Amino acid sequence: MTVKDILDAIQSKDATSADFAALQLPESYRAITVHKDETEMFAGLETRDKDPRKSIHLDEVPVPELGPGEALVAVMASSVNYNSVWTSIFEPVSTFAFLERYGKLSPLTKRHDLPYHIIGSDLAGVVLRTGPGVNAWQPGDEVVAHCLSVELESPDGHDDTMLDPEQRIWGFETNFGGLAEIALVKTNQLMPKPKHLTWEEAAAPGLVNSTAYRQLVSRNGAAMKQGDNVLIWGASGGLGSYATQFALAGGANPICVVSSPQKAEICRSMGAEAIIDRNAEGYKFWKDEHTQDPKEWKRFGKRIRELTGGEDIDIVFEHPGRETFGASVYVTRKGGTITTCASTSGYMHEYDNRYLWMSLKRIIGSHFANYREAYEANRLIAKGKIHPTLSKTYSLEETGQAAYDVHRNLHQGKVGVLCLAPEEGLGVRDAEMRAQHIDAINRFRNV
């Protein structure tokens, strides 16, 4: 309840880093959790019938012991991600399974094995304390976080951090996540908060924006250049949305795939011009559960070439998986690249390798981002080149609903959660720049 003083300092204009170091830490703080004893509570239910509102709690939890390379952070806002939702419906298996294995290494990792699991993989807020060996970050710094958690003990990840052998995700494979008033992070997660954004907007892009950055823009991904034709599946929502922004900002031409006229319009408001509606076109890429339709590939490809004016796809931004993959490979230009980071419709991909090898195409696997790529992504927001796609904000004590919202896919844009922030709209330091980009910032509201 001395949490109020902590908020007062953040809200205070003249509060110094000394003041922040002087703030007493609360004995407990409010946190969204799932409980270890409740992991089997959806037994006998199909996934869709599982209600996150039944599993999610709002607990007074004690502040974790702070270790080396770590920071405690007063969280003003977080977001609900797909992985948070999975955690809440305990699928494929409870997150406690790993937390229990992991917690057996050292006393530091044991901290994470608790009867409750604090979730959330995004964060906008301010540093409260730092641990041994931390010098880059001081108490009072306004920050956002990425969710890659790595000890970098193995050599593997020192020429690209994603290749670390025990790479984990903060709030998912970690306790003390961001859907709470206070969080515990590795400082190698902390990034500067863009000054022209609200807490909730700052927390919004995180995991989804960086994934798109590595996958499409970085040299570990498609290494996109201006002029490239980029096929973007699910262009109007989550992942596809940020990919569309990167395609546009970096001078490429995005071909946007959607399910409805409403979603086509969302794409257009981003500045996308070439749009395909799978539904209105009625693509049936799969003739049945075991055989694909090369005639549907050819028709999809015909439609693309019409919009480009004779030209095939340089880069496919993939993530639906099985349903689309055959077509994705097919429509790609000779020498082109298929870039994948998920398989939402099924992970068993089938494609015709003749179109891959004979056309000199490549398939590249991407996943989240390393600290540089995540910084660079966050930087592009701070420069006002990429914009957050926040759609709706819930309060902390409505996080169950917030998860239900994402679970039932009710919105294309991001679903935000205020943690310490008492209301929406707070945390802007650069009014001049917000006013200059506000229209783009507010593109995804309520949609």
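Residue positions are given as counts along the sequence shown, with the first one as 1.
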Q. Comparing 380-388 with 38-46, which stretch shows the greater average C-alpha B-factor in the deposited entry?
A. 38-46
Q.
Going by the mean C-alpha B-factor recorded in the entry, which is higher: 210-218 or 262-270?
A. 262-270
Q) In this PDB entry, which of 282, 365, 250, 234 has the top CA B-factor? A) 282
Q: Pick out which of 373, 200, 314, 100 has the highest C-alpha B-factor in the PDB entry.
A: 100
Q) Where does residue 228 sit by CA temperature factor within its chain: lowest, middle or highest third? A) lowest
(Q) How does the C-alpha B factor of residue 156 compare with the rest of the chain: lowest, middle or highest third? (A) middle
Q. Among the chain's modelled residues, which third holds the C-alpha B-factor of residue 357?
A. middle
Q. What third of its chain, lowest, middle or highest, does the C-alpha temperature factor of residue 332 fall into?
A. lowest
(Q) Test of reading the entry: by CA B factor among the chain's modelled residues, which third contains residue 191? (A) lowest
